[PDB]
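K.L.:
Below is the structure I would like to discuss, written out as structure tokens.
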Amino acid sequence: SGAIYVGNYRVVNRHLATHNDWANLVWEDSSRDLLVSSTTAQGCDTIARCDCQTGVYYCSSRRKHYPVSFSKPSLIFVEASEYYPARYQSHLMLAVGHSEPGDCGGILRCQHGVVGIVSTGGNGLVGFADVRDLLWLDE
Ligand SMILES: CSc1cnccc1CC(=O)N1CCC[C@H](C(N)=O)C1
Ligand SMILES: [Zn+2]
């Protein structure tokens with residue numbers, strides 16, 4: 001579980017999106033595992049507009065924040081699940097770190113703000129869905 005609350009938007013993993021999210025849909029992309037819904041309240045999460053490759057992510061399976069080196073956003077192949085068949089997920093960034101299935105939605109942050117959210121993982125690796133290219137979240 002976990003979401004980004006910026007302005008009148010709620011950013012979540014598409015596979016973990018609720019009924020309310022689909023009823024207040026703004027934009028969704030299965031290949032990125034992202035879904036954006038609208039909110040009445042005004043969020044204050046600052047989104048990073050950078051090319052940082054180091055940050056800190058929240059791991060709910062350990063109740064700890066971990067510092068990570070992470071890769072540039074790219075097309076990384078992801079194995080089949082009850083949410084998506086086997087495919088290439090775009091705008092994905094990998095880091096060496098701990099993750100479990102309940103960890104999806106944890107925020108990744110740098111000195112510039114919110115980079116993205118936990119989306120994939122396994123084998124000692126953790127994947128983050130980047131949100132820095134989504135410029136419309138601010139405007
Ligand atoms: C941190 S998630 C995780 C971590 N360890 C083992 C397993 C996982 C689960 C996992 O990777 N995914 C299942 C749910 C959808 C995901 C996606 N974005 O396509 C992929
Ligand atoms: Zn940054």
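Each chain in the structure tokens gets a letter, A, B and so on, in the order shown; residues start at 1 in every chain, and ligands are counted from 1 in the order they appear.
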Can you pull out every residue within 10 Å of region 9-12 of chain A, counting only C-alpha atoms, but drop anything in the same chain fewer than 2 positions away, and send it as an NGL selection string?
P.N.:
:A and (1-7 or 14-18 or 21 or 24-28 or 33-43 or 104-106 or 116-119 or 129 or 131 or 137-138)
K.L.:
Give me, as a PyMOL selection string, all polymer residues having an atom no more than 12 Å from residue 52 (chain A), counting only C-alpha atoms and skipping those fewer than 5 positions away in the same chain.
P.N.:
chain A and resi 68-73+93+108-116+130+132
K.L.:
Using N, CA, C and O atoms, can you export the residues from the last selection as a PDB file, in the first residue's frame?
P.N.:
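Output file result.pdb follows:
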```pdb
ATOM      1  N   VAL A  68      19.372   4.105  -1.329  1.00  0.00           N
ATOM      2  CA  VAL A  68      19.631   3.285  -2.519  1.00  0.00           C
ATOM      3  C   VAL A  68      20.296   4.009  -3.677  1.00  0.00           C
ATOM      4  O   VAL A  68      20.106   5.214  -3.877  1.00  0.00           O
ATOM      5  N   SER A  69      21.011   3.243  -4.494  1.00  0.00           N
ATOM      6  CA  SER A  69      21.495   3.700  -5.782  1.00  0.00           C
ATOM      7  C   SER A  69      20.491   3.052  -6.708  1.00  0.00           C
ATOM      8  O   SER A  69      20.105   1.891  -6.482  1.00  0.00           O
ATOM      9  N   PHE A  70      20.017   3.787  -7.701  1.00  0.00           N
ATOM     10  CA  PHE A  70      19.024   3.230  -8.588  1.00  0.00           C
ATOM     11  C   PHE A  70      19.332   3.546 -10.030  1.00  0.00           C
ATOM     12  O   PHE A  70      20.152   4.437 -10.330  1.00  0.00           O
ATOM     13  N   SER A  71      18.761   2.743 -10.936  1.00  0.00           N
ATOM     14  CA  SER A  71      19.081   2.897 -12.348  1.00  0.00           C
ATOM     15  C   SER A  71      18.232   3.973 -13.030  1.00  0.00           C
ATOM     16  O   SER A  71      17.338   4.564 -12.414  1.00  0.00           O
ATOM     17  N   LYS A  72      18.561   4.279 -14.282  1.00  0.00           N
ATOM     18  CA  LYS A  72      17.803   5.252 -15.056  1.00  0.00           C
ATOM     19  C   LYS A  72      16.482   4.596 -15.510  1.00  0.00           C
ATOM     20  O   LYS A  72      16.434   3.373 -15.674  1.00  0.00           O
ATOM     21  N   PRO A  73      15.384   5.368 -15.646  1.00  0.00           N
ATOM     22  CA  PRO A  73      14.106   4.753 -16.046  1.00  0.00           C
ATOM     23  C   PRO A  73      14.184   4.017 -17.384  1.00  0.00           C
ATOM     24  O   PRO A  73      14.733   4.556 -18.346  1.00  0.00           O
ATOM     25  N   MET A  93      12.834   1.624 -12.579  1.00  0.00           N
ATOM     26  CA  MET A  93      14.212   1.866 -12.116  1.00  0.00           C
ATOM     27  C   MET A  93      14.570   0.829 -11.075  1.00  0.00           C
ATOM     28  O   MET A  93      13.840   0.736 -10.096  1.00  0.00           O
ATOM     29  N   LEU A 108       9.897   6.656  -2.963  1.00  0.00           N
ATOM     30  CA  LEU A 108      11.310   6.826  -3.213  1.00  0.00           C
ATOM     31  C   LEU A 108      11.510   8.363  -3.281  1.00  0.00           C
ATOM     32  O   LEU A 108      10.810   9.045  -4.021  1.00  0.00           O
ATOM     33  N   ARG A 109      12.415   8.906  -2.468  1.00  0.00           N
ATOM     34  CA  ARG A 109      12.660  10.343  -2.429  1.00  0.00           C
ATOM     35  C   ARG A 109      14.139  10.686  -2.573  1.00  0.00           C
ATOM     36  O   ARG A 109      14.978   9.943  -2.111  1.00  0.00           O
ATOM     37  N   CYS A 110      14.441  11.870  -3.109  1.00  0.00           N
ATOM     38  CA  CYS A 110      15.798  12.393  -3.207  1.00  0.00           C
ATOM     39  C   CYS A 110      15.781  13.808  -2.563  1.00  0.00           C
ATOM     40  O   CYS A 110      14.743  14.207  -2.007  1.00  0.00           O
ATOM     41  N   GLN A 111      16.890  14.584  -2.650  1.00  0.00           N
ATOM     42  CA  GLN A 111      16.874  15.955  -2.117  1.00  0.00           C
ATOM     43  C   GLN A 111      15.852  16.835  -2.856  1.00  0.00           C
ATOM     44  O   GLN A 111      15.385  17.813  -2.277  1.00  0.00           O
ATOM     45  N   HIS A 112      15.480  16.485  -4.119  1.00  0.00           N
ATOM     46  CA  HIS A 112      14.504  17.265  -4.921  1.00  0.00           C
ATOM     47  C   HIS A 112      13.044  16.887  -4.707  1.00  0.00           C
ATOM     48  O   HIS A 112      12.167  17.534  -5.270  1.00  0.00           O
ATOM     49  N   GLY A 113      12.784  15.825  -3.961  1.00  0.00           N
ATOM     50  CA  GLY A 113      11.421  15.399  -3.696  1.00  0.00           C
ATOM     51  C   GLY A 113      11.120  13.974  -4.075  1.00  0.00           C
ATOM     52  O   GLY A 113      12.005  13.109  -4.039  1.00  0.00           O
ATOM     53  N   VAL A 114       9.843  13.723  -4.399  1.00  0.00           N
ATOM     54  CA  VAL A 114       9.340  12.401  -4.739  1.00  0.00           C
ATOM     55  C   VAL A 114       9.779  11.965  -6.119  1.00  0.00           C
ATOM     56  O   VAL A 114       9.513  12.655  -7.097  1.00  0.00           O
ATOM     57  N   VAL A 115      10.493  10.840  -6.190  1.00  0.00           N
ATOM     58  CA  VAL A 115      11.009  10.293  -7.446  1.00  0.00           C
ATOM     59  C   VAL A 115      10.000   9.314  -8.081  1.00  0.00           C
ATOM     60  O   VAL A 115       9.797   9.321  -9.308  1.00  0.00           O
ATOM     61  N   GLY A 116       9.423   8.465  -7.228  1.00  0.00           N
ATOM     62  CA  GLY A 116       8.502   7.416  -7.625  1.00  0.00           C
ATOM     63  C   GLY A 116       8.075   6.516  -6.479  1.00  0.00           C
ATOM     64  O   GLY A 116       8.260   6.854  -5.303  1.00  0.00           O
ATOM     65  N   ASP A 130       8.853   5.344 -11.939  1.00  0.00           N
ATOM     66  CA  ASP A 130       9.186   6.762 -11.993  1.00  0.00           C
ATOM     67  C   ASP A 130       7.946   7.603 -12.301  1.00  0.00           C
ATOM     68  O   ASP A 130       7.071   7.171 -13.055  1.00  0.00           O
ATOM     69  N   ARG A 132       8.734  11.362 -12.321  1.00  0.00           N
ATOM     70  CA  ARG A 132       9.357  12.651 -12.594  1.00  0.00           C
ATOM     71  C   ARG A 132       9.056  13.221 -13.994  1.00  0.00           C
ATOM     72  O   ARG A 132       9.072  14.436 -14.164  1.00  0.00           O
TER      73      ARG A 132
END
```
K.L.:
Go through the chains and note each residue within 8 Å of ligand 1, using only C-alpha atoms and all ligand atoms, then give the set as number ranges by chain.
P.N.:
A: 13, 15, 32-33, 78-84, 89, 98-104, 118-123, 126-127, 129
K.L.:
Name the closest residue to residue 87 (chain A) among the candidates A:31, A:53, A:8, A:20; distances are taken between atoms, counting only C-alpha atoms.
P.N.:
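Comparing A:31, A:53, A:8, A:20 against residue 87 (chain A), the winner is A:31.
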K.L.:
So the first atom is CA of residue 57 (chain A) and the second is CA of residue 75 (chain A); what is the distance between them in Å, to one decimal place?
P.N.:
20.9 Å
K.L.:
Give me, as number ranges by chain, all polymer residues having an atom no more than 10 Å from region 133-135 of chain A, counting only C-alpha atoms and skipping those fewer than 4 positions away in the same chain.
P.N.:
A: 47-50, 73, 91, 115, 139
K.L.:
Mind pulling up the distance from CA of residue 64 (chain A) to CA of residue 128 (chain A)?
P.N.:
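Separation of CA of residue 128 (chain A) and CA of residue 64 (chain A): 16.6 Å.
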K.L.:
Could you pull out the strand (DSSP E) residues of chain A from DSSP and send them as an MDAnalysis selection string?
P.N.:
chainID A and resid 4:13 25:29 34:44 54:59 64:69 74:78 87:96 107:110 113:122 125:130
K.L.:
So that I can check the secondary structure, give me every residue of region 15-55 of chain A assigned helix (DSSP H, G or I) by backbone DSSP, as a PyMOL selection string.
P.N.:
chain A and resi 15-16+19-23+30-32
K.L.:
Write the residues you've just listed into a file as an mmCIF file, in the first residue's frame, and include N, CA, C and O atoms for each of them.
P.N.:
```cif
data_model
loop_
_atom_site.group_PDB
_atom_site.id
_atom_site.type_symbol
_atom_site.label_atom_id
_atom_site.label_comp_id
_atom_site.auth_asym_id
_atom_site.auth_seq_id
_atom_site.Cartn_x
_atom_site.Cartn_y
_atom_site.Cartn_z
ATOM 1 N N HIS A 15 -2.162 -1.748 -10.210
ATOM 2 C CA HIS A 15 -2.680 -3.030 -9.694
ATOM 3 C C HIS A 15 -3.302 -2.925 -8.298
ATOM 4 O O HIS A 15 -4.105 -3.766 -7.933
ATOM 5 N N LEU A 16 -2.994 -1.872 -7.548
ATOM 6 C CA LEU A 16 -3.553 -1.668 -6.216
ATOM 7 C C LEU A 16 -4.628 -0.551 -6.168
ATOM 8 O O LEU A 16 -5.068 -0.167 -5.079
ATOM 9 N N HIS A 19 -11.839 1.187 -6.194
ATOM 10 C CA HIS A 19 -12.999 1.513 -6.991
ATOM 11 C C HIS A 19 -13.126 3.024 -7.165
ATOM 12 O O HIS A 19 -13.516 3.486 -8.240
ATOM 13 N N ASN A 20 -12.809 3.793 -6.101
ATOM 14 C CA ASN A 20 -12.890 5.254 -6.127
ATOM 15 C C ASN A 20 -11.939 5.855 -7.127
ATOM 16 O O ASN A 20 -12.296 6.809 -7.828
ATOM 17 N N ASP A 21 -10.724 5.292 -7.191
ATOM 18 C CA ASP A 21 -9.680 5.663 -8.139
ATOM 19 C C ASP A 21 -10.211 5.525 -9.580
ATOM 20 O O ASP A 21 -10.140 6.490 -10.327
ATOM 21 N N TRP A 22 -10.831 4.382 -9.933
ATOM 22 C CA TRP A 22 -11.366 4.200 -11.288
ATOM 23 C C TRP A 22 -12.585 5.094 -11.581
ATOM 24 O O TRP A 22 -12.825 5.450 -12.733
ATOM 25 N N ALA A 23 -13.343 5.465 -10.545
ATOM 26 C CA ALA A 23 -14.468 6.371 -10.706
ATOM 27 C C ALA A 23 -14.016 7.847 -10.858
ATOM 28 O O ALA A 23 -14.805 8.697 -11.277
ATOM 29 N N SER A 30 -1.033 0.717 -17.884
ATOM 30 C CA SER A 30 -0.715 -0.640 -17.430
ATOM 31 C C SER A 30 0.771 -0.928 -17.563
ATOM 32 O O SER A 30 1.352 -1.518 -16.665
ATOM 33 N N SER A 31 1.396 -0.513 -18.677
ATOM 34 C CA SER A 31 2.819 -0.757 -18.890
ATOM 35 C C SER A 31 3.728 -0.033 -17.906
ATOM 36 O O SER A 31 4.894 -0.384 -17.817
ATOM 37 N N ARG A 32 3.238 0.980 -17.214
ATOM 38 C CA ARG A 32 4.016 1.688 -16.203
ATOM 39 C C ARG A 32 3.583 1.335 -14.772
ATOM 40 O O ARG A 32 4.224 1.800 -13.826
#
```
K.L.:
Measuring between only C-alpha atoms and all ligand atoms, which one of A:76, A:90, A:124, A:46 shows the shortest distance to ligand 2?
P.N.:
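Closest candidate: A:46.
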